[PDB]
Amino acid sequence: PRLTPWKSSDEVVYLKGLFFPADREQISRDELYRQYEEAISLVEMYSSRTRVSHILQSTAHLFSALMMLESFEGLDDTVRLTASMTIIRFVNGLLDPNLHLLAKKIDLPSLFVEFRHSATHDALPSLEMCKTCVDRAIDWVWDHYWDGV
Amino acid sequence: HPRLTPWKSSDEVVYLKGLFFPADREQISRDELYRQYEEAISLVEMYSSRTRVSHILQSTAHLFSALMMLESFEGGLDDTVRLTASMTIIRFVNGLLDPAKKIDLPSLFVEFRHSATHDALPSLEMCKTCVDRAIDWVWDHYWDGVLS
Amino acid sequence: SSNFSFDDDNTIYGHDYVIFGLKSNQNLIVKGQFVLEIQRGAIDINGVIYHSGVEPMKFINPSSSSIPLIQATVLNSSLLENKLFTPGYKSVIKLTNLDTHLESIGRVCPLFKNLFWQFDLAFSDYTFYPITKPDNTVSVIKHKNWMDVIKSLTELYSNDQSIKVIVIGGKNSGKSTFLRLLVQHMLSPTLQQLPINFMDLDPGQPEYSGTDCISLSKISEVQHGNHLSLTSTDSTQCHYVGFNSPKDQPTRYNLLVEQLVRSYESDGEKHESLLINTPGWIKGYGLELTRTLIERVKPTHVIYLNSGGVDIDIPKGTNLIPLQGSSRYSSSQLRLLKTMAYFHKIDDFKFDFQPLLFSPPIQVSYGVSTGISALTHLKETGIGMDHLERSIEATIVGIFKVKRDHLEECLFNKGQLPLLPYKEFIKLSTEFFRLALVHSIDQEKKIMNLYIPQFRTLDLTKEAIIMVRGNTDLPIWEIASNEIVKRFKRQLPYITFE
Amino acid sequence: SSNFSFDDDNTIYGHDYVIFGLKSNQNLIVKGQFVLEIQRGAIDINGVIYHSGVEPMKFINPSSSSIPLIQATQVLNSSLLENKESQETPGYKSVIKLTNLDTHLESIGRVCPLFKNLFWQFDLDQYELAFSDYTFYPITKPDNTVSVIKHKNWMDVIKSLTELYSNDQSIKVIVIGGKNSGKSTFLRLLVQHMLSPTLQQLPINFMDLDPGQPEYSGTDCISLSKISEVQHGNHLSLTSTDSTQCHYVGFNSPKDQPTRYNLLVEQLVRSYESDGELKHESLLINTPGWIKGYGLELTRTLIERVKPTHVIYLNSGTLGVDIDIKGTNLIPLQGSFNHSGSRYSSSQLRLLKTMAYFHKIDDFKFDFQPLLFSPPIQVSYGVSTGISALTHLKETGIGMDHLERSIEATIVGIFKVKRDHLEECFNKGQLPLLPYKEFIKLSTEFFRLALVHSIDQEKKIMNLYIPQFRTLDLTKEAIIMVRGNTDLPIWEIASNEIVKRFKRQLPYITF
């Protein structure tokens with residue numbers, strides 16, 4: 001009988017509804033980020049109660065990165081760094097289950113592995129590339145975890 | 001034999017030394033100190049636009065932006081600031097070690113990299129300590145040496 | 001393949017107690033829980049000698065830890081008056097059954113039943129079981145260096161006045177066995193009897209401190225087994241870090257260690273000798289924490305449990321000892337046992353391990369009223385006001401005590417549970433009371449339901465109890481023990497099936 | 001140790017040209033710059049048959065690249081050959097004549113001491129009799145120069161694709177490979193094969209979406225070029241090869257501005273479909289050095305964007321899983337093999353491709369004296385019609401006092417914006433700084449890259465060193481300026497000829 005931070009499993013459904021209201025068109029651009037903020041707060045509350053599965057915490061981090069990368073209009077270095085770190089943490093936690101064959105086995109696409117290496121060992125990836133990688137990973141979590149629940 | 005530097009006449013490194021690390025660290029106003037910090041980050045961005053800058057100088061620019069963010073935190077969702085400071089430390093340390101602690105890098109930075117990359121996200125206080133340690137490190141190893 | 005001496009027709013089987021007459025060349029290892037009195041002779045256990053005259057001493061040694069050898073090796077001045085039909089051999093040990101109500105962990109936990117005394121030639125069934133035939137159970141055996149280094153502190157304890165000692169090592173280095181040996185060595189009734197002052201600064205794997213305590217404990221009596229923090233020695237205060245490791249809040253941990261060293265210096269500068277445990281960190285920021293600690297304490301000795309080290313060399317005198325060390329089967333899983341047995345104790349050496357639900361629970365009001373004035377979240381303080389109230393529920397929070405003038409402070413939102421900001425929390429002084437497990441919370445009635453192990457009604461005048469949620473986790477066995485998955489229909493209050 | 005048949009061919013030295021009479025087995029590997037016609041027979045060069053009648057061809061084969069074989073093995077089998085004989089011909093196979101190019105591009109040792117022997121004029125006592133010094137001469141004795149020859153499958157795929165160009169139906173091609181995989185050699189071979197004299201003289205449409213290692217394109221361009229005349233050597237993108245437009249990405253790699261890169265590629269593909277639908281122009285594409293990751297994603301997006309009708313991959317790997325097998329070919333890398341000293345690094349040869357851009361008087365005239373002595377071509381700044389605004393492509397956030405210093409002594413692209421498109425939206429002010437966000441929306445035509453020298457602050461006038469250029473006469477088309485990522489070679493800021501000339505503390509260099 002494993003422990004769940006949420007009282008019922010129904011709050012996972014509500015958390016998915018906040019992340020993915022599924023009426024993406026058409027809703028207000030600031031209502032979507034009002035749902036995203038409530039969902040990030042629920043994720044951090046669940047994390048404070050008990051450990052959360054890496055996908056759920058990662059979805060919170062990636063949605064925070066999405067809000068900052070969409071709200072951004074100046075000195076872009078910190079916005080670059082936040083999304084960069086979010087993607088590196090997401091990819092590393094996904095891969096930290098035990099190198100090219102490993103990415104195919106976990107089904108993580110190649111652009112993420114290149115993004116992590118470029119951010120760790122090379123110059124900061126372009127903010128336009130950070131948007132691409134964040135949206136790709138947010139699609140990844142839908143493709144793997146969130147659709148089933 | 002000649003090498004290319006983005007700064008004209010190579011006296012603006014002296015300017016960045018005083019602009020990052022002003023003469024007085026406590027009598028100066030913190031708002032004006034952060035204005036000086038922001039100006040130095042803007043100059044480092046300009047030199048990056050001109051050409052490649054030494055990894056120490058880019059790391060100084062990133063670390064002081066992270067410092068300004070951490071010390072000006074008003075509370076709330078600290079997910080952003082923790083992630084940004086963790087990434088700044090990771091870039092700094094990796095760029096140092098990319099080309100044992102022979103470089104005199106403290107074990108705090110290497111432990112911070114493992115904590116942020118693989119382990120749970122480092123806390124705000126730990127990031128504040130690590131960024132200040134890095135800012136001291138770059139000063140001692142590069143910034144004090146350069147003079148006029 | 002450790003074994004103990006086996007005697008036939010010499011030992012006597014008695015009701016509630018067993019007496020063994022050990023020959024001169026005999027040794028005993030005993031698994032379980034037993035009060036150990038000495039009838040005739042002197043029994044030197046774990047490197048220190050105990051005679052017949054000493055008062056009876058109670059052992060709690062589980063399967064996870066190594067069993068302390070009970071040697072018969074002999075003659076000393078009296079003093080110790082030996083006190084049975086036959087004199088037999090030189091030494092006659094008397095083992096008393098200790099009704100500690102352990103072995104009841106099996107009711108809630110399936111695997112933990114094998115740690116303590118449980119039966120699962122002719123041998124009766126008691127809470128102490130001597131391992132006559134050789135088994136896989138380990139015994140406390142330490143290198144001669146381990147013994148003489150820890151004994152060199154005892155001679156300097158014998159004369160005036162006090163010593164400050166540090167222990168540094170990794171999580172698996174074995175600082176716990178070392179520190180228990182040292183207290184056993186100085187508190188032996190063959191030297192100065194004044195109580196040692198023990199400072200335990202490790203929240204992850206603490207001893208003489210409940211889960212998530214920084215605790216300065218004046219140890220007056222010996223804990224002769226690897227007590228799991230179950231038995232309490234009179235300690236001035238716990239300090240609830242709330243986190244498994246000092247990494248999570250380095251500033252809170254530092255300000256708390258510094259404030260504990262204040263009382264340590266006030267009571268040690270008073271002939272009592274100070275003694276410190278340090279976290280499992282030897283790498284990274286932990287080395288810096290240890291260095292900062294050494295500078296402040298100015299210890300007379302320092303002990304490191306490995307080889308590596310240069311930073312520690314400055315400036316306090318440093319000793320190098322090999323790690324050695326040792327089932328549990330996991331050390332982090334033993335943290336859950338130490339958390340659970342805290343809530344299940346009526347009094348020390350008595351543990352009723354039926355789930356806490358069935359027992360009448362406790363009421364408090366999370367309002368301006370004197371019940372609980374405020375709540376504060378360590379770590380993530382950005383929890384939404386509407387979400388903190390559900391965040392605390394069904395977790396093990398730590399309730400504090402504050403002065404009314406300090407209690408005034410600024411709490412933030414009167415509605416539901418008033419959150420007290422962490423920034424205001426750190427500034428004001430707090431006195432830890434007890435760890436609280438909150439059963440449920442009534443939104444409409446504003447009265448929330450919590451379980452705490454034992455308490456003195458918290459009688460006080462406008463002493464606002466402040467609740468604190470750390471990082472410490474709730475053992476699954478309290479919400480979903482197999483007893484309360486069948487006594488109440490399998491539902492999902494916080495638990496889900498695999 | 002490649003070598004050719006020594007001669008000993010009754011060759012006459014001439015003054016500016018050399019006459020060669022090659023036997024049937026004779027072949028040539030020639031290092032240097034030279035132009036050749038054929039006086040007798042049909043010389044076969046790198047897998048195509050060139051007879052005597054074909055117009056003279058111009059060779060820029062560099063020491064960095066491999067040397068195209070010049071065979072005379074193929075016996076003249078067609079009447080298209082037009083042989084003119086003024087000497088001797090004598091019935092000994094075929095005689096070909098090659099003339100000095102005099103491109104003056106060899107004079108690079110003036111700026112760089114390492115770029116010597118890339119373009120040879122014998123840079124050491126003479127060891128052979130009757131030796132002569134020209135801008136060209138074949139290596140009679142064996143030497144460490146790789147020749148242009150590949151496995152029979154490499155030439156077989158290209159040849160098989162070639163007769164598919166012989167008939168009416170048109171061919172669109174994709175080429176995919178990593179850096180040093182050999183995409184450049186593959187494309188030069190394929191373009192040489194499609195423009196053989198036997199095939200119709202119908203110009204190929206060549207699309208080059210590679211900014212880092214471009215071909216038929218100056219440094220940091222995306223370029224579509226209708227190639228009507230083949231470039232018989234590794235012209236380091238230093239020949240005209242008339243192109244419709246050279247699109248300034250401004251960056252070494254796609255990753256820096258992926259959205260601008262994709263928009264530019266899609267626009268260039270649309271411009272190619274304006275003319276590739278006509279079916280005369282066989283469209284052909286190069287792809288960036290990225291073989292995996294987001295580069296593979298860009299390649300797949302291109303493949304679904306341009307109806308491929310052919311795809312070539314240079315390395316075997318996860319491409320077959322990633323790219324649906326829709327016909328694609330598989331050819332092994334067979335990358336050019338040479339020493340780093342002989343074959344300079346891609347980042348070290350981008351500096352040459354950038355320097356020779358500003359130092360070219362014409363297509364084949366190269367004056368490599370430092371640019372400082374030439375007139376700075378003063379231009380205006382501000383709201384003035386000369387040059388209006390500045391756009392930093394990536395580092396958009398820059399202090400409004402700092403961009404003017406930023407563009408000083410750096411390579412910037414001068415664009416063209418017509419009518420009020422520039423008016424769409426800072427402070428002018430020292431410099432307007434048109435934002436990048438409004439830049440992307442506006443349509444721009446790329447004028448030649450500009451080298452900035454000595455920004456003047458007291459006056460809006462700023463010096464601009466740009467290569468050969470017609471007068472920028474525009475009714476209202478304001479020529480805005482942009483700064484990308486393109487690097488500035490040291491040799492045009494501080495070479496020996498100007499460091500020794502001055503020796504004082506120069507502004508942007510340290511010693």
# chains A, B, ... in the order shown; residues from 1 in each chain; ligands from 1
call {"tool": "interface_residues", "arguments": {"of": "chain C", "to": "chain A", "cutoff": "8 Å", "atoms": "only C-alpha atoms", "output": "list in words"}}
result
residues 379, 380, 382, 383, 384, 387, 388, 391, 392, 395, 471, 473, 476, 480, 492, 493, 494, 495, 496, 497 and 498 of chain C
call {"tool": "residues_around", "arguments": {"residues": "residue 81 (chain B)", "least_positions_apart": "3", "cutoff": "12 Å", "atoms": "only C-alpha atoms", "output": "JSON, numbers by chain"}}
result
{"A": [61, 64, 65, 68, 78, 79, 81, 82, 83, 85, 86], "B": [65, 66, 67, 68, 69, 70, 71, 72, 73, 74, 75, 76, 77, 78, 84, 85, 86, 87, 88, 121, 122, 123, 124, 125, 126, 127, 128, 131]}
call {"tool": "atom_distance", "arguments": {"atom1": "CA of residue 364 (chain D)", "atom2": "CA of residue 219 (chain D)"}}
result
17.5 Å
call {"tool": "residues_around", "arguments": {"residues": "residue 1 (chain D)", "least_positions_apart": "6", "cutoff": "10 Å", "atoms": "only C-alpha atoms", "output": "PyMOL selection string"}}
result
chain D and resi 141-147
call {"tool": "write_last_selection", "arguments": {"atoms": "N, CA and C atoms", "output": "short mmCIF file (atom, residue, chain, number, x, y, z; two decimals), in the first residue's frame"}}
result
data_model
loop_
_atom_site.label_atom_id
_atom_site.label_comp_id
_atom_site.auth_asym_id
_atom_site.auth_seq_id
_atom_site.Cartn_x
_atom_site.Cartn_y
_atom_site.Cartn_z
N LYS D 141 57.15 14.63 -58.72
CA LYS D 141 57.61 13.68 -57.72
C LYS D 141 56.48 13.39 -56.75
N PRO D 142 56.38 12.18 -56.20
CA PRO D 142 55.30 11.87 -55.26
C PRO D 142 55.34 12.79 -54.05
N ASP D 143 54.15 13.18 -53.59
CA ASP D 143 54.02 14.10 -52.46
C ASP D 143 52.75 13.75 -51.71
N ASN D 144 52.63 14.31 -50.50
CA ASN D 144 51.49 14.03 -49.63
C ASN D 144 50.35 15.00 -49.96
N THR D 145 49.74 14.77 -51.12
CA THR D 145 48.53 15.47 -51.54
C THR D 145 47.49 14.43 -51.95
N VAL D 146 46.34 14.46 -51.28
CA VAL D 146 45.26 13.53 -51.59
C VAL D 146 44.61 13.93 -52.91
N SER D 147 44.29 12.94 -53.74
CA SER D 147 43.61 13.22 -54.99
C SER D 147 42.11 13.02 -54.84
#
call {"tool": "interface_residues", "arguments": {"of": "chain D", "to": "chain B", "cutoff": "7 Å", "atoms": "only C-alpha atoms", "output": "VMD selection string"}}
result
chain D and resid 395 398 to 399 402 406 410 487 490 507 to 511
call {"tool": "residues_around", "arguments": {"residues": "residue 460 (chain D)", "least_positions_apart": "4", "cutoff": "9 Å", "atoms": "only C-alpha atoms", "output": "list in words"}}
result
residues 379, 380, 381, 382, 430, 431, 455 and 456 of chain D
call {"tool": "closest_atom_pairs", "arguments": {"of": "chain C", "to": "chain B", "cutoff": "12 Å", "atoms": "only C-alpha atoms", "output": "tab-separated table"}}
result
residue	atom	partner	partner_atom	distance
C:243	CA	B:123	CA	11.9
C:245	CA	B:123	CA	11.7
C:246	CA	B:126	CA	9.8
C:247	CA	B:126	CA	6.9
C:248	CA	B:123	CA	5.7
C:249	CA	B:125	CA	6.4
C:250	CA	B:125	CA	6.5
C:251	CA	B:125	CA	6.8
C:252	CA	B:125	CA	9.3
C:253	CA	B:125	CA	11.0
C:254	CA	B:125	CA	11.4
C:281	CA	B:111	CA	10.7
C:282	CA	B:107	CA	10.3
C:283	CA	B:107	CA	7.0
C:284	CA	B:108	CA	4.2
C:285	CA	B:108	CA	5.1
C:286	CA	B:108	CA	8.4
C:287	CA	B:108	CA	8.7
C:288	CA	B:108	CA	8.3
C:289	CA	B:108	CA	10.9
C:311	CA	B:106	CA	11.0
C:377	CA	B:76	CA	11.9
C:378	CA	B:123	CA	11.1
C:379	CA	B:123	CA	7.7
C:380	CA	B:78	CA	7.7
C:381	CA	B:76	CA	6.5
C:382	CA	B:76	CA	4.0
C:383	CA	B:76	CA	7.7
C:384	CA	B:76	CA	9.0
C:385	CA	B:76	CA	11.4
C:421	CA	B:75	CA	9.9
C:422	CA	B:75	CA	10.1
C:423	CA	B:75	CA	9.6
call {"tool": "write_last_selection", "arguments": {"atoms": "N, CA and C atoms", "output": "short mmCIF file (atom, residue, chain, number, x, y, z; two decimals), in the first residue's frame"}}
result
data_model
loop_
_atom_site.label_atom_id
_atom_site.label_comp_id
_atom_site.auth_asym_id
_atom_site.auth_seq_id
_atom_site.Cartn_x
_atom_site.Cartn_y
_atom_site.Cartn_z
N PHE C 243 14.58 18.36 8.91
CA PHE C 243 15.11 17.84 7.65
C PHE C 243 16.09 16.72 7.93
N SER C 245 18.86 16.09 6.39
CA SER C 245 20.25 16.50 6.22
C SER C 245 20.38 18.00 6.37
N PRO C 246 21.56 18.49 6.76
CA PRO C 246 21.76 19.94 6.85
C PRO C 246 21.81 20.64 5.51
N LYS C 247 21.76 19.91 4.39
CA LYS C 247 21.81 20.57 3.09
C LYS C 247 20.57 21.42 2.84
N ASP C 248 19.43 21.01 3.39
CA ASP C 248 18.17 21.64 3.01
C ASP C 248 18.06 23.06 3.55
N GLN C 249 18.45 23.28 4.80
CA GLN C 249 18.51 24.62 5.39
C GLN C 249 19.84 24.80 6.11
N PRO C 250 20.91 25.11 5.38
CA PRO C 250 22.20 25.31 6.04
C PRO C 250 22.19 26.43 7.06
N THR C 251 21.41 27.49 6.82
CA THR C 251 21.42 28.61 7.76
C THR C 251 20.67 28.27 9.04
N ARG C 252 19.54 27.57 8.93
CA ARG C 252 18.83 27.13 10.13
C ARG C 252 19.67 26.15 10.93
N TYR C 253 20.30 25.20 10.25
CA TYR C 253 21.17 24.23 10.92
C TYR C 253 22.33 24.93 11.61
N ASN C 254 22.93 25.92 10.94
CA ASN C 254 24.07 26.62 11.53
C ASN C 254 23.64 27.44 12.74
N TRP C 281 28.15 13.89 6.36
CA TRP C 281 28.94 14.66 5.41
C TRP C 281 30.39 14.79 5.83
N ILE C 282 31.28 14.30 4.97
CA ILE C 282 32.71 14.56 5.06
C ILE C 282 33.14 15.20 3.75
N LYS C 283 32.27 15.09 2.74
CA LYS C 283 32.55 15.67 1.44
C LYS C 283 31.73 16.94 1.23
N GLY C 284 32.27 17.87 0.45
CA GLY C 284 31.51 19.04 0.07
C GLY C 284 31.29 19.99 1.23
N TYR C 285 30.09 20.56 1.29
CA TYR C 285 29.79 21.60 2.28
C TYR C 285 29.83 21.04 3.70
N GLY C 286 29.74 19.72 3.84
CA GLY C 286 29.88 19.11 5.15
C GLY C 286 31.24 19.29 5.77
N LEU C 287 32.30 19.25 4.96
CA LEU C 287 33.63 19.54 5.47
C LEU C 287 33.70 20.96 6.00
N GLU C 288 33.08 21.91 5.30
CA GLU C 288 33.04 23.29 5.77
C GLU C 288 32.24 23.42 7.06
N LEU C 289 31.13 22.69 7.17
CA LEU C 289 30.37 22.68 8.42
C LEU C 289 31.21 22.15 9.57
N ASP C 311 42.08 19.55 5.33
CA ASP C 311 41.36 20.72 5.84
C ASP C 311 41.09 20.60 7.34
N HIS C 377 5.77 26.62 7.48
CA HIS C 377 6.34 25.60 6.60
C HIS C 377 7.81 25.90 6.37
N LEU C 378 8.67 24.98 6.77
CA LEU C 378 10.05 25.00 6.34
C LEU C 378 10.15 24.52 4.90
N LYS C 379 11.30 24.76 4.28
CA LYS C 379 11.54 24.44 2.86
C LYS C 379 10.57 25.29 2.05
N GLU C 380 9.63 24.68 1.31
CA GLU C 380 8.75 25.45 0.44
C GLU C 380 7.78 26.28 1.26
N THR C 381 8.06 27.57 1.36
CA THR C 381 7.21 28.51 2.07
C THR C 381 6.18 29.14 1.14
N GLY C 382 6.28 28.89 -0.16
CA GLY C 382 5.38 29.47 -1.13
C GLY C 382 4.10 28.68 -1.30
N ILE C 383 3.82 27.78 -0.36
CA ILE C 383 2.59 27.00 -0.38
C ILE C 383 1.41 27.95 -0.30
N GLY C 384 0.43 27.76 -1.19
CA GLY C 384 -0.76 28.58 -1.19
C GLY C 384 -1.50 28.52 0.13
N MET C 385 -2.14 29.62 0.52
CA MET C 385 -2.83 29.67 1.80
C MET C 385 -3.91 28.60 1.88
N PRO C 421 5.20 33.19 8.74
CA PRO C 421 6.27 33.11 7.74
C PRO C 421 7.54 32.55 8.34
N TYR C 422 8.30 31.83 7.50
CA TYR C 422 9.56 31.24 7.95
C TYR C 422 10.56 32.32 8.36
N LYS C 423 10.55 33.46 7.66
CA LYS C 423 11.48 34.53 8.00
C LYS C 423 11.24 35.03 9.42
#
call {"tool": "closest_atom_pairs", "arguments": {"of": "chain A", "to": "chain D", "cutoff": "12 Å", "atoms": "only C-alpha atoms", "output": "JSON lines"}}
result
{"residue": "A:73", "atom": "CA", "partner": "D:437", "partner_atom": "CA", "distance": 9.4}
{"residue": "A:74", "atom": "CA", "partner": "D:397", "partner_atom": "CA", "distance": 4.6}
{"residue": "A:75", "atom": "CA", "partner": "D:397", "partner_atom": "CA", "distance": 5.2}
{"residue": "A:76", "atom": "CA", "partner": "D:397", "partner_atom": "CA", "distance": 7.2}
{"residue": "A:77", "atom": "CA", "partner": "D:397", "partner_atom": "CA", "distance": 9.5}
{"residue": "A:80", "atom": "CA", "partner": "D:395", "partner_atom": "CA", "distance": 11.9}
{"residue": "A:100", "atom": "CA", "partner": "D:318", "partner_atom": "CA", "distance": 9.8}
{"residue": "A:101", "atom": "CA", "partner": "D:318", "partner_atom": "CA", "distance": 10.1}
{"residue": "A:103", "atom": "CA", "partner": "D:293", "partner_atom": "CA", "distance": 11.6}
{"residue": "A:104", "atom": "CA", "partner": "D:318", "partner_atom": "CA", "distance": 9.7}
{"residue": "A:108", "atom": "CA", "partner": "D:293", "partner_atom": "CA", "distance": 11.0}
{"residue": "A:109", "atom": "CA", "partner": "D:293", "partner_atom": "CA", "distance": 7.6}
{"residue": "A:110", "atom": "CA", "partner": "D:293", "partner_atom": "CA", "distance": 4.5}
{"residue": "A:111", "atom": "CA", "partner": "D:293", "partner_atom": "CA", "distance": 4.1}
{"residue": "A:112", "atom": "CA", "partner": "D:293", "partner_atom": "CA", "distance": 7.6}
{"residue": "A:113", "atom": "CA", "partner": "D:293", "partner_atom": "CA", "distance": 7.7}
{"residue": "A:114", "atom": "CA", "partner": "D:293", "partner_atom": "CA", "distance": 6.0}
{"residue": "A:115", "atom": "CA", "partner": "D:293", "partner_atom": "CA", "distance": 8.5}
{"residue": "A:116", "atom": "CA", "partner": "D:293", "partner_atom": "CA", "distance": 11.2}
{"residue": "A:117", "atom": "CA", "partner": "D:293", "partner_atom": "CA", "distance": 11.2}
{"residue": "A:118", "atom": "CA", "partner": "D:255", "partner_atom": "CA", "distance": 10.3}
{"residue": "A:123", "atom": "CA", "partner": "D:256", "partner_atom": "CA", "distance": 10.2}
{"residue": "A:124", "atom": "CA", "partner": "D:256", "partner_atom": "CA", "distance": 9.7}
{"residue": "A:125", "atom": "CA", "partner": "D:256", "partner_atom": "CA", "distance": 7.4}
{"residue": "A:126", "atom": "CA", "partner": "D:256", "partner_atom": "CA", "distance": 5.4}
{"residue": "A:127", "atom": "CA", "partner": "D:256", "partner_atom": "CA", "distance": 8.6}
{"residue": "A:128", "atom": "CA", "partner": "D:258", "partner_atom": "CA", "distance": 6.4}
{"residue": "A:129", "atom": "CA", "partner": "D:258", "partner_atom": "CA", "distance": 6.6}
{"residue": "A:130", "atom": "CA", "partner": "D:255", "partner_atom": "CA", "distance": 10.2}
{"residue": "A:131", "atom": "CA", "partner": "D:258", "partner_atom": "CA", "distance": 10.3}
{"residue": "A:132", "atom": "CA", "partner": "D:258", "partner_atom": "CA", "distance": 9.0}
{"residue": "A:133", "atom": "CA", "partner": "D:294", "partner_atom": "CA", "distance": 9.3}
{"residue": "A:136", "atom": "CA", "partner": "D:294", "partner_atom": "CA", "distance": 11.0}
